[PDB]
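Listed here are the chains, written in short residue letters.
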Amino acid sequence: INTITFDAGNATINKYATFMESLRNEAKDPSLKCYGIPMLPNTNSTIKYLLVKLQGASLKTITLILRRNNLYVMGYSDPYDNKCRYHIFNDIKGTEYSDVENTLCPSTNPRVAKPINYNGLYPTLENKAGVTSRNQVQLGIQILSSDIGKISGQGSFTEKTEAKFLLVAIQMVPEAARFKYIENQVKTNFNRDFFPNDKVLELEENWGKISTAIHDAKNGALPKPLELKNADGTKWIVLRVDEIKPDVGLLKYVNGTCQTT
Ligand SMILES: *[C@@H]1O[C@H](CO)[C@@H](O)[C@H](O)[C@H]1NC(C)=O
C-alpha cells in the first residue's frame, strides 16, 4: 500500500473525512475487529509502516511515518535543499531506526539526517513546546498548514516550533484515526483554531484501556466500569461497548478472540 496524502491547504470536511477513512482502512488488520470496530494488527504483520504526506497552503510538504501496528509516529521527512531530510525521535534505534530512515528517505536519492533530539511522548512534546499541557496548543487545519510552512524546507527552526507541529500532527492524524470523536472535533471546528477539550485528552491517554475493555466485553458489557471524561472535564462512567463505540475509530491490538460484531 502506498502514501496517503492530505492537502491541508485545500481542504474540506469531506476531504478530511476521506483521509481518515483511508488511514483507518490501510492501518487496520484486514480481519480483526471487535463489536464492529476495526483493530490494528499484531507486531508481525504484512506491512510495517505507513507514510502520510501532509501538504500545506505553501505547497510544501511533510511526510509522517507511522508504525502500522500501533500508529505511533516514528519521525517525519521534508524535502530540504534538494535532499530528503529525515527527522527521527531519539528513542528509535537499530533495525527500526534504519527501517524508518530508509522508508522516509530511500538510499537511492540524496538524503540528510536532522534528528529529533527528544522522544515523542506527550509530556516530552509539551515540555519542548513550552506548555504545561497540550490543551494550551491549538489544533486546526490552518494551524497544521502553517506549521508545515514553518518547518518544511527550512534550514532553521526551533524545537519549540517542531514540538508544536508534532502535537498538532499527532492529534490531527493518528489520534483522529483512533478516535472518531477527535476526527469529529476537527470537522466541527474545521474553519477555526481550537483547543482540545478534556475528553480529547482523556481518550488519547486511555486508548489502550478502552481497546482492552471493548475487546474483553461480553455481550456488549465492559469487564468493569470504565471511567473517562466528558467534553467539559466531568467524570463519565462507561459500562457498555455501545456507549463508547461512537467515539472510537480503531482499536489498539489486543490478543485473543473477541465478539467481532
Ligand atoms: C494470544 O492468544 C492466543 C489465541 O488465544 C494464545 O494462544 C496465545 O497464548 C496468546 N499470546 C499471548 C502472549 O498471551
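Residues numbered from 1 in each chain as written, not as in the entry; some residues may be left out. Heavy atoms only, no water.

Structure determination for the deposited model, as stated in its record, used X-ray crystallography, and the stated resolution is 1.70 Å.

Draft legend 1. View of the sheet that holds strand β7 (residues 83-88). Reading across from one edge, β1-β4-β5-β6-β7-β8 is the order of the six strands in this open sheet, with mixed pairing throughout. Taken across any chain shown, the strands that pair with only one partner, and hence form the sheet edges, are β1 (4-7) and β8 (111-113). The average undirected angle you get between the axes of adjacent strands in this sheet is 25 degrees. With respect to the sheet, helix α5 (residues 159-178) is in contact with β4 (49-55), β5 (61-67), β6 (73-80) and β7, its orientation differing from that of β5 by roughly 60 degrees. (Pairing = 2+ DSSP bridges. Helix = DSSP H or I, 4+ residues; strand = E, 2+ residues; numbered from the N terminus. Axes fitted to C-alpha atoms, helices over the stretch in contact; angles between N-to-C directions. Contact = heavy atoms within 4.5 Å.)

Draft legend 2. Quick peek at helix α1 (residues 13-27). Here α1 is 15 residues long and its end C-alpha atoms lie 21 Å apart, about the 21 Å a rise of 1.5 Å per residue gives. Turning to α1, its buried residues are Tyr16, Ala17, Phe19, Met20, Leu23, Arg24 and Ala27. The buried residues of α1 occupy one face: seen down the axis, they fall within an arc of 160 degrees. Those residues of α1 that are buried are in contact with β1, β4, α5 and α6 (180-188). (Expected span 1.5 Å × (residues − 1). Buried < 20%, exposed > 50% of the residue type's maximum accessible area, 1.4 Å probe, protein only. Arc of directions from axis to C-beta.)

Draft legend 3. Representation of the packing of α6 against helix α7 (residues 198-205) within the structure. Packing of α6 against α7 leaves a shortest axis separation of 10 Å and a crossing angle of 150 degrees. Along this stretch, α6 crosses α7, giving a crossing that reads as left-handed. Counting all contacts with α6, which are made through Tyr181, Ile182 and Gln185, the residues of α7 involved are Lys199, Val200, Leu203 and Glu204. Broken down by class, the residue content of the contact of α6 with α7 amounts to four nonpolar, one polar and two charged. (Left-handed = near helix turned anticlockwise from the far one by under 90°. Nonpolar A, V, L, I, M, F, W, Y, C, P; charged D, E, K, R; others polar.)

Draft legend 4. Representation of the state of the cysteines within the structure. Scanning the model with the defined rule gives two disulfides in all. The disulfide bridge from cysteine 34 ends at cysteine 258, spanning 2.1 Å between sulfur atoms. One disulfide, between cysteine 34 and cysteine 258, carries an S-S torsion of -95 degrees and so falls in the left-handed class. With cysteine 34 in strand β2 (residues 33-34) and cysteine 258 in the segment after α9 (241-244), this residue pair connects regions lying 224 residues apart in the sequence. On the basis of relative accessible area, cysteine 34 is assigned to the buried category, the value being 1%. According to the relative accessible area criterion, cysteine 258 is buried, its value standing at 18%. Indicated for the protein chain is the disulfide connectivity 1-4, 2-3, based on numbering the bonded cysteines in sequence order. (Disulfide = S-S within 2.5 Å.)

Draft legend 5. Region of the structure containing the layout of surface pockets. Of the volumes computed, that of the largest pocket is approximately 440 Å³. The wall of the largest pocket is formed by 22 residues, among which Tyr72, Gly120, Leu121, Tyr122 and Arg178 lie closest to the centre. Elements supplying a minimum of two residues to the lining of the largest pocket: β6, α5, α7 and α8 (207-216). Considering each element in turn, the lining of the largest pocket owes the most residues, four residues, to α5. Residues of the lining of the largest pocket, tallied by class, amount to 11 nonpolar, four polar and seven charged. (1 Å grid on protein atoms, 1.4 Å probe; cavity = no way out; pocket = protein on both sides within 12 Å on 5 of 7 lines; lining within 4 Å. Points joined across faces, edges and corners; volume = space filled by probe spheres on them.)

Draft legend 6. Looking closely at the environment of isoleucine 88. In this fold, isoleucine 88 is placed in strand β7. Each residue touching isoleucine 88, except ones within four places of it in the same chain, is listed here: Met74, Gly75, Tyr97, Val100, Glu101, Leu104, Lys114, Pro115 and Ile116.

Draft legend 7. The arrangement of the packing of aromatic side chains in detail. Taken as a whole, this structure holds six aromatic pairs when the rule is applied. Here the aromatic rings of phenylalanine 6 and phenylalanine 19 are separated by 4.8 Å at their centres, their planes lie at 15 degrees, and the arrangement is stacked. Here the residue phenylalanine 6 occupies a position in strand β1, and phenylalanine 19 occupies one in helix α1, the gap between them amounting to 13 residues. Both residues of the pair, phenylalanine 6 and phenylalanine 19, belong to the buried class. Taking the ring centre of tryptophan 207 as reference, the NZ or CZ of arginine 178 above it sits at 4.3 Å. Seen from the ring of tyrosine 181, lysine 199 lies directly overhead, with NZ or CZ sitting 4.4 Å from the centre. (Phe/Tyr/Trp six-rings, centres within 6.5 Å; stacked < 30°, edge-to-face > 60°. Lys NZ or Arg CZ within 6 Å of the ring centre and 35° of its normal.)

Draft legend 8. Looking closely at the domain arrangement of the protein chain. Per the domain assignment, the segments making up the protein chain are domain 1 (1-177) and domain 2 (178-258). Taking only C-alpha atoms into account, the centre of domain 1 sits 22 Å from that of domain 2. Counting from both sides, the interface comprises 39 residues of domain 1 and, opposite them, 36 residues of domain 2. Its largest share of buried area at the contact with domain 2, domain 1 owes to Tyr35, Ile37 and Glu175, together 22% of the area lost on that side. At the boundary of domain 1 with domain 2, the tally comes to four salt bridges. Ionic pairing is found between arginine 24 and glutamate 183, a salt bridge with its closest N-O pair at 2.7 Å. (Domains from an automatic or database assignment. Buried area = accessible area lost by both parts, 1.4 Å probe. Salt bridge = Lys/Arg side-chain N within 4 Å of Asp/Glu carboxyl O.)

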